[PDB]
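Student:
2 protein chains.
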Amino acid sequence: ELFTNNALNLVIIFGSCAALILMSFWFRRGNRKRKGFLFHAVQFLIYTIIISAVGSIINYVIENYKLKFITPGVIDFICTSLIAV
Amino acid sequence: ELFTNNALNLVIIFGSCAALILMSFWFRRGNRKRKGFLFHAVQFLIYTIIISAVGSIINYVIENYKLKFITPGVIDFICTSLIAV
Numbered sequence: 004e005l006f007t008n009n010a011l012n013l014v015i016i017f018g019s020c021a022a023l024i025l026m027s028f029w030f031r032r033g034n035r036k037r038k039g040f041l042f043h044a045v046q047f048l049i050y051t052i053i054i055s056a057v058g059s060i061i062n063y064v065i066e067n068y069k070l071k072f073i074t075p076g077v078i079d080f081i082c083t084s085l086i087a088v
Numbered sequence: 004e005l006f007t008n009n010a011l012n013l014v015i016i017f018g019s020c021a022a023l024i025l026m027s028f029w030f031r032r033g034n035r036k037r038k039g040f041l042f043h044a045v046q047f048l049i050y051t052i053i054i055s056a057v058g059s060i061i062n063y064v065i066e067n068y069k070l071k072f073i074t075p076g077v078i079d080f081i082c083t084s085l086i087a088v
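Now the structure itself:
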């Protein structure tokens with residue numbers, strides 16, 4: 004659905020939009036338009052936040068529609084692999 | 004069956020085809036037709052991916068047809084032995 008899916012998503016779905024806003028701010032770089040070290044650190048941090056939110060997003064999808072065969076072990080393994088990469 | 008088995012296989016069965024495509028690409032070697040060190044490393048990695056996918060493939064076979072007497076402990080022991088070899 005659309006309204007029911009949005010209601011069940013709670014703030015997990017809005018995490019992607021918030022992270023997009025944060026990425027736009029980092030493109031503006033906030034206080035000063037610079038990059039190096041800490042900039043990459045905070046970018047990696049909010050990417051990890053993106054993946055953490057996506058974990059709950061996909062956890063709700065197979066819980067509110069159908070369990071199917073996702074076996075969330077594999078998706079958390081994939082998320083850890085992406086974080087490592 | 005054929006259609007039901009394919010539907011229940013999900014992307015685990017297609018992992019073998021994807022790995023075959025990756026092996027063909029490694030035969031083409033992608034950027035440059037060379038080998039050594041990292042080439043063997045990535046080949047071992049995608050072989051491990053093959054075995055990991057086959058684990059779930061065989062896990063679904065005895066779950067959707069009949070449990071029988073496989074005792075998945077022995078098959079994971081065999082897969083670990085093959086990885087070590």
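Going down the list, the sequences are from chains A and Y.
Just so we're on the same page, the UniProt record's numbering is the position in the first sequence counted from 1, plus 3.
Just so we're on the same page, the UniProt record's numbering is the position in the second sequence counted from 1, plus 3.
From the three backbone atoms N, C-alpha and C, an ideal C-beta is built for every residue, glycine too.
#1: Please list, in chain order, the chain Y residues whose beta carbon lies closer than 8 Å to that of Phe-72 (chain A).
#2: Output the distance between the C-alpha atoms of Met-26 (chain A) and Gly-18 (chain A), rounded to the nearest integer angstrom.
#3: Counting only beta-carbon atoms, is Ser-55 (chain Y) nearer than 8 Å to chain C?
#4: Under the assumption that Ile-73 (chain Y) contacts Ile-65 (chain Y) (Cβ atoms under 8 Å), give the Cβ distance between them as a whole number of angstroms.
#5: If the criterion is Cβ atoms closer than 8 Å, does the pair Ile-16 (chain A) and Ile-86 (chain A) meet it?
#6: Report all residues from its chain with a CB closer than 6 Å to the CB of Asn-67 (chain Y); omit the five preceding and five following residues, and keep chain order.
#7: Under the assumption that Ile-54 (chain A) contacts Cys-82 (chain A) (Cβ atoms under 8 Å), give the Cβ distance between them as a whole number of angstroms.
#8: Tell me the DSSP secondary structure of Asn-67 (chain A) in three-state form.
#9: What would DSSP say about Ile-73 (chain Y), mapped onto helix, strand or coil?
#10: Can you list, in chain order, the residues of its chain whose CB lies under 8 Å from that of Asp-79 (chain Y), leaving out five sequence neighbours each side?
#11: On the DSSP letters alone, give me the boundaries of the alpha helix (DSSP H) that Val-88 (chain Y) sits inside.
#12: By DSSP, does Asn-34 (chain Y) sit in helix, in strand, or in coil?
#13: Could you have a look at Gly-39 (chain A) and say whether DSSP puts it in helix, strand or coil?
Tutor: Once the coordinates are examined:
#1: Numbered from 1 along the first sequence, position 69 holds the residue referred to as residue 72 (chain A). In chain order: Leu-11, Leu-13 and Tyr-63.
#2: In the first sequence, the residue the question calls residue 26 (chain A) occupies position 23. In the first sequence, the residue the question calls residue 18 (chain A) occupies position 15. When rounded, the distance between both Cα atoms is 12 Å.
#3: Among the protein chains in the structure shown, which are A and Y, there is no chain C.
#4: Within the second sequence, numbered from 1, the residue matching residue 73 (chain Y) stands at position 70. Within the second sequence, numbered from 1, the residue matching residue 65 (chain Y) stands at position 62. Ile-73 (chain Y) to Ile-65 (chain Y), Cβ: 5 Å. Contact.
#5: Translated into the one-based positions of the first sequence, residue 16 (chain A) becomes position 13. Translated into the one-based positions of the first sequence, residue 86 (chain A) becomes position 83. Contact flag unset, no.
#6: Along the second sequence, read from residue 1 onward, the residue named residue 67 (chain Y) stands at position 64. Cβ within range, chain order: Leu-11.
#7: Position 51 of the first sequence holds residue 54 (chain A). Position 79 of the first sequence holds residue 82 (chain A). Contact holds; Cβ gap of about 5 Å.
#8: One-based indexing of the first sequence puts residue 67 (chain A) at position 64. Helix, per DSSP.
#9: As a working note, residue 73 (chain Y) is residue 70 in the second sequence. Looking at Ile-73 (chain Y) - three-state DSSP - the assignment turns out to be coil, as it is neither helix nor strand.
#10: Residue mapping note: residue 79 (chain Y) aligns to position 76 of the second sequence, counting from 1. Correct list, in chain order: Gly-58.
#11: Walking along the second sequence from the start, residue 88 (chain Y) turns up at place 85. Element bounds for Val-88 (chain Y): n/a, residue is neither H nor E.
#12: Within the second sequence, numbered from 1, the residue matching residue 34 (chain Y) stands at position 31. Reduced to three states, the DSSP call for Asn-34 (chain Y) is coil.
#13: The residue given as residue 39 (chain A) occupies position 36 in the first sequence. Correct three-state label for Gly-39 (chain A): coil.
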